[PDB]
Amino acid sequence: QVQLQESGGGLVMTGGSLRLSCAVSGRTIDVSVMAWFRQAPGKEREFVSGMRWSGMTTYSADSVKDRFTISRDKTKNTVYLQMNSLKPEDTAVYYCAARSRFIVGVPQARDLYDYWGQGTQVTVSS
């Protein structure tokens, strides 16, 4: 059993930066992938960025690849989403997600993830 708790959302002006964080607790020993998803109004949930939890590989969606960075804290079991050059189209609820079942690589399909956070609203105003 794995618990995920996001924080750091809120209102930001266009062009600004915001760093989301997600605290991972419970059975983290065999968590293999941590990822961020986002769901905007009237749209389906979409993969944003993901990382091999104990590895070095990361993957970001093309729409954010040059602006968002996922990373793991060096001390605590916390994953970060650093969001730079934010745009109004980045407005969404952002969700932290964990994969514990064994897998090769960083999956992008939402139905492959095992645990989900409650989500945190990010609003980019122009």
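One-based numbering along the sequence shown.
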* Identify the stretch, either 109 to 117 or 6 to 14, whose C-alpha atoms have the larger mean B-factor according to the entry. => 6 to 14
* Structure fact -> The stretch carrying the higher mean Cα B factor in the deposited entry, 27 to 35 or 65 to 73, is 65 to 73
* For residue 101, the third of its chain into which the C-alpha B factor falls -> lowest
* Structure fact -> Temperature factor at the Cα of residue 45, chain-ranked in thirds, falls in the middle
* To do: Relative to the other modelled residues of the same chain, rank the CA B-factor of residue 79 and answer lowest, middle or highest third.
  => middle
* Can you work out whether the C-alpha temperature factor of residue 95 puts it in the lowest, middle or highest third of the chain? => lowest
